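Colleague: Take a look at the following structure, please.
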Amino acid sequence: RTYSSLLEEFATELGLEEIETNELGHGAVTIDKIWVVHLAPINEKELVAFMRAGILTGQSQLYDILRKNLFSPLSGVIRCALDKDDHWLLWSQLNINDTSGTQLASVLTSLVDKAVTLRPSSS
Amino acid sequence: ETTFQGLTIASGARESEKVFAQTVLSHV
């Protein structure tokens with residue numbers, strides 16, 4: 001698989017004609033007019049999918065997120081950082097060759113769901 | 001633009017969001 005063929009797969013899975021990318025392969029999908037999930041290669045073998053969500057609500061969330069920030073054997077796990085303004089930055093890091101259009105679409109929907117809470121298709 | 005699992009989705013983003021992404025990606 002290549003990065004660009006993976007994006008083609010992902011567009012097809014979502015029912016878009018194309019996920020355009022800039023010079024460095026940075027692409028984006030806008031969700032319900034307001035949220036944006038960004039896609040980019042980060043090294044030779046891996047890409048990320050990520051979004052800025054809302055401001056942290058309180059100390060309670062930081063514990064909740066950290067209690068869940070544990071290693072996993074799964075792929076497409078959603079992780080959470082804070083930006084300099086205490087907004088959540090939600091992200092997943094994936095192997096280009098190991099992932100599919102379907103898993104990327106699951107990542108996208110999981111990213112969006114977290115934000116709110118805070119080859120043929122395999123769907 | 002289409003509908004996917006209850007979400008309205010389109011390729012693209014407002015420029016400020018692309019700027020934000022460029023910032024995050026340039027600091028890793």
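Following the order of the structure tokens, chains are lettered A, B, ..., residues in each are numbered from 1, and ligands are numbered from 1.
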Just want the 7 Å neighbourhood of stretch 99-105 of chain A, counted on only C-alpha atoms, with same-chain residues fewer than 5 positions away dropped. Output as number ranges by chain.

Modeller: A: 6, 9-10, 13-14, 94, 121-123

Colleague: Those same residues - N, CA and C atoms - I'd like them written as a PDB file, in the first residue's frame.

Modeller:
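Written file, again-v3.pdb:
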```pdb
ATOM      1  N   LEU A   6      -3.781   4.598   0.195  1.00  0.00           N
ATOM      2  CA  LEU A   6      -4.540   4.462   1.429  1.00  0.00           C
ATOM      3  C   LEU A   6      -5.584   5.580   1.492  1.00  0.00           C
ATOM      4  N   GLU A   9      -8.432   4.771  -0.781  1.00  0.00           N
ATOM      5  CA  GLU A   9      -9.273   3.753  -0.123  1.00  0.00           C
ATOM      6  C   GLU A   9     -10.216   4.382   0.881  1.00  0.00           C
ATOM      7  N   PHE A  10      -9.689   5.293   1.679  1.00  0.00           N
ATOM      8  CA  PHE A  10     -10.407   5.943   2.743  1.00  0.00           C
ATOM      9  C   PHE A  10     -11.501   6.828   2.189  1.00  0.00           C
ATOM     10  N   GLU A  13     -14.245   4.492   1.005  1.00  0.00           N
ATOM     11  CA  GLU A  13     -14.962   4.037   2.218  1.00  0.00           C
ATOM     12  C   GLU A  13     -15.963   5.075   2.735  1.00  0.00           C
ATOM     13  N   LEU A  14     -15.547   6.329   2.783  1.00  0.00           N
ATOM     14  CA  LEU A  14     -16.418   7.405   3.218  1.00  0.00           C
ATOM     15  C   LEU A  14     -17.436   7.853   2.190  1.00  0.00           C
ATOM     16  N   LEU A  94      -0.836   5.288  13.118  1.00  0.00           N
ATOM     17  CA  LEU A  94      -1.076   4.051  12.405  1.00  0.00           C
ATOM     18  C   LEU A  94       0.026   3.758  11.363  1.00  0.00           C
ATOM     19  N   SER A 121     -14.624  -2.913   1.839  1.00  0.00           N
ATOM     20  CA  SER A 121     -14.966  -2.542   3.212  1.00  0.00           C
ATOM     21  C   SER A 121     -15.107  -3.747   4.157  1.00  0.00           C
ATOM     22  N   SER A 122     -14.521  -3.606   5.339  1.00  0.00           N
ATOM     23  CA  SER A 122     -14.783  -4.503   6.470  1.00  0.00           C
ATOM     24  C   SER A 122     -15.744  -3.926   7.545  1.00  0.00           C
ATOM     25  N   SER A 123     -16.455  -2.845   7.257  1.00  0.00           N
ATOM     26  CA  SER A 123     -17.397  -2.306   8.222  1.00  0.00           C
ATOM     27  C   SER A 123     -18.576  -3.278   8.338  1.00  0.00           C
TER      28      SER A 123
END
```

Colleague: Using only C-alpha atoms, find the residues of chain A whose closest atom to chain B is at most 10 Å away, then write them as an MDAnalysis selection string.

Modeller: chainID A and resid 11 13:21 24 26:42 48 50:52 83 89 105 109 112

Colleague: Can you check which residues of chain B DSSP gives as strand (DSSP E) on the backbone and send them as a list in words?

Modeller: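 Of chain B, only residues 2, 3, 4, 7, 8, 9, 10 and 11 of chain B fall in strand (DSSP E).
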
Colleague: Can you pull out every residue from stretch 1-117 of chain A that DSSP, working from the backbone, puts in alpha helix (DSSP H), and format the result as an MDAnalysis selection string?

Modeller: chainID A and resid 3:14 59:67 101:117

Colleague: Residue A:66: which residues within 12 Å, counting only C-alpha atoms, same-chain residues fewer than 4 positions away excluded, as a ChimeraX atom specification?

Modeller: /A:59-62,70-71,79-82

Colleague: To one decimal in Å, tell me the separation between atom CA of residue A:111 and atom CA of residue A:7.

Modeller: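 Distance between the two atoms: 17.2 Å.
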
Colleague: How many Å separate atom CA of residue A:77 from atom CA of residue A:120?

Modeller: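 About the pair atom CA of residue A:77 and atom CA of residue A:120: they are 22.3 Å apart.
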
Colleague: Could you jot down the atom CA of residue A:106 to atom CA of residue A:64 separation for me, Å, one decimal place?

Modeller: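 Calculated distance between atom CA of residue A:106 and atom CA of residue A:64 is 22.0 Å.
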